[PDB]
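Remarks on the structure that follows.
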Amino acid sequence: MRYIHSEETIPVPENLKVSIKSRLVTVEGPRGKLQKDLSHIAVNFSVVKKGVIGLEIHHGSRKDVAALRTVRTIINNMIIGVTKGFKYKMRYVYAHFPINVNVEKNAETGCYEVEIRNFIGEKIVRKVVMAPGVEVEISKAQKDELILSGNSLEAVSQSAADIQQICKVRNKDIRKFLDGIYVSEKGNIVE
RNA sequence: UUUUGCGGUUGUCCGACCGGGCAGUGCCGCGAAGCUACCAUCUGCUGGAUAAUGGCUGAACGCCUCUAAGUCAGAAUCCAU
Ligand SMILES: [Mg+2]
Ligand SMILES: [Mg+2]
Ligand SMILES: [Mg+2]
Ligand SMILES: [Mg+2]
Ligand SMILES: [Mg+2]
Ligand SMILES: [Mg+2]
Ligand SMILES: [Mg+2]
Ligand SMILES: [Mg+2]
Ligand SMILES: [Mg+2]
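Below, the structure is given as C-alpha cells:
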C-alpha cells in the first residue's frame, strides 16, 4: 500500500527564522545558527500557516513515510537547540581510582579537548576532542560531574558518546567493574 | 687456499752447496685478497575504507529501539603509501 498523503507540521516560535532551499534547512535564532542537509529524503516542504512549516510525502510506502516524523523531529531539535540550547551532564563513577579530567579550549582551533587520566589506575592518558560549537566544563555545583553545552543536539550527544566510549574496562566482569564516565542528565540550557 | 705467498719436511732426480724438477695440489704450519656464516654485522613505514561489535540522533509503532533515512568508533581484515 502507498499512502496518497502523509503530512507533518512544525511550529516555529516568534524569535527565530527558518530558510529551506534545495532541502538545505537553515535555522537562525538568538543562540546562533544551524544547518542541515536533508537532500537524501524525498520530502515536500511548504508554509501552511503564519508560523507553521508543513512537510509531506506523496505516494510513499511505509519505508518512505517512516522518515517524515524523523525529519520533523530533527528540524524541531534544531529549532529548540537554536532557541534554548542543549546541555548534557555526566558523572564519573569509580571504585578505587579517582578519575582525573582536564578540559581546555585549543588555541589554534576553537574545539575543546578533554584529557582523562588515572582511569582504572592505568598510565595511558586518553584525549578526546569535542565537536565544534560544544563547550565542556567541570561542574562547579557538585563533584565528579562534566557539563557539555551547545546548539546542536547531535554534536553535543556525539561528543558525550565519545567521552563515554573512550572509558571502557576490558577483560573484566563488567557487572563488577563499573568504572567510567556516563551521561546522567539530558536537558536544555534555558530552564 | 692454486697467492702454490713464505717457511718446514719425506722419497727420488739435476755430482755436492745454492737453486730447482717430479709424486696429476707430495705432505705440514701460517697465510693476505675474494667469496662467505643468526658461525658475523646492519635494516624492515603509516593513511583510508571496513566486518563483528560498541554507540549518537530517530521513526516505523504518540512509548521504545545503534537503523529504517542519516551518522560516530572500530580487527593480525581489505585497498593504497
Ligand atoms: Mg578474568
Ligand atoms: Mg694447500
Ligand atoms: Mg714454500
Ligand atoms: Mg727435493
Ligand atoms: Mg721426469
Ligand atoms: Mg696423493
Ligand atoms: Mg687458516
Ligand atoms: Mg534513541
Ligand atoms: Mg542506515
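First residue of the first sequence? That's 27 in this note's numbering, and the numbers climb one at a time after it.
Idealized CB from N, CA, C, for every residue including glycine.
(Q) Going by DSSP in three states, residue 101 sits in which element: helix, strand or coil? (A) Translated into the one-based positions of the first sequence, residue 101 becomes position 75. Residue 101 falls in the helix class under three-state DSSP.
(Q) Using 7 Å as the threshold, is the C-beta distance between residue 197 and residue 110 below it? (A) Here residue 197 refers to the residue found at position 171 when the first sequence is read from its first residue. Here residue 110 refers to the residue found at position 84 when the first sequence is read from its first residue. No, the Cβ-Cβ distance between residue 197 and residue 110 is not below 7 Å.
Q. What are the boundary residues of the alpha helix (DSSP H) that residue 185 is part of?
A. Start at 1 with the first residue of the first sequence, and residue 185 comes out as number 159. Run containing residue 185: 179 to 191, per the alpha helix (DSSP H) assignment.
Q: Ignore the nearest five residues each way along the sequence and tell me which others in residue 116's own chain have a CB closer than 7 Å to its CB.
A: Counted from its first residue, the first sequence places residue 116 at position 90. Closer than 7 Å at Cβ, skipping near neighbours: 171, 172, 186, 189, 207, 208, 209 and 210.
Q. Roughly how many whole angstroms lie between the Cα atoms of residue 51 and residue 92?
A. On the first sequence, residue 51 is found 25 positions in, with the first residue counted as 1. On the first sequence, residue 92 is found 66 positions in, with the first residue counted as 1. Their Cα atoms are separated by approximately 19 Å.
Q.
Between which residues of its own chain and residue 102 is the CB-CB distance below 8 Å, once the five residues before and five after are set aside?
A. Here residue 102 refers to the residue found at position 76 when the first sequence is read from its first residue. Counting only Cβ-Cβ distances below 8 Å, and skipping sequence neighbours, we find 36.
Q | Contact under 7 Å by Cβ, residue 28 with residue 87 | A | If you number the first sequence from 1, residue 28 lands on position 2. If you number the first sequence from 1, residue 87 lands on position 61. Yes; because the gap between Cβ atoms is below 7 Å, this pair is in contact.
Q: Starting from the N-terminal end, write out each residue whose C-beta falls within a distance shorter than 7 Å of any non-hydrogen atom of ligand 1.
A: 197 and 198
Q: To the nearest angstrom, report how far apart residue 118 and residue 30 are at their CA atoms.
A: Mapped onto the first sequence, residue 118 falls at position 92. Mapped onto the first sequence, residue 30 falls at position 4. Computed Cα separation, rounded: 51 Å.
Q) So what's residue 94 in DSSP terms, helix, strand or just coil? A) Stepping through the first sequence from its first residue, residue 94 is reached at position 68. If DSSP states are grouped into helix, strand and coil, residue 94 belongs with the helices.
**Q.** Burial state of residue 177 (16 or more Cβ within 10 Å)
**A.** Position 151 of the first sequence, counting from 1, holds the residue named residue 177. Its Cβ being crowded by 16 or more others within 10 Å, residue 177 is buried.
Q: Tell me where the beta strand (DSSP E) around residue 29 begins and ends.
A: The count along the first sequence starts at 1 and reaches residue 29 at position 3. 29 to 37 is the extent of the beta strand (DSSP E) around residue 29.
Q. With C-beta atoms as the reference, is residue 112 less than 7 Å away from residue 60?
A. Stepping through the first sequence from its first residue, residue 112 is reached at position 86. Stepping through the first sequence from its first residue, residue 60 is reached at position 34. Cβ atoms of residue 112 and residue 60: not closer than 7 Å.
Q) Are the CB atoms of residue 192 and residue 143 nearer to each other than 7 Å? A) As a first step, residue 192 is located in the first sequence; it is residue number 166 there, counting from the start. As a first step, residue 143 is located in the first sequence; it is residue number 117 there, counting from the start. Taking 7 Å as the Cβ cut-off, residue 192 and residue 143 do not qualify as a contacting pair.
Q: With DSSP collapsed to three states, give me the class of residue 52.
A: The sequence position of residue 52 within the first sequence is 26, counting from 1. Of the three classes helix, strand and coil, the one that applies to residue 52 here is strand, per DSSP.
Q) For the beta strand (DSSP E) that contains residue 171, what are its first and last residues? A) Position 145 of the first sequence, counted from the first residue, corresponds to residue 171. It spans 171 to 176 - the beta strand (DSSP E) in which residue 171 sits, taken as one unbroken run.
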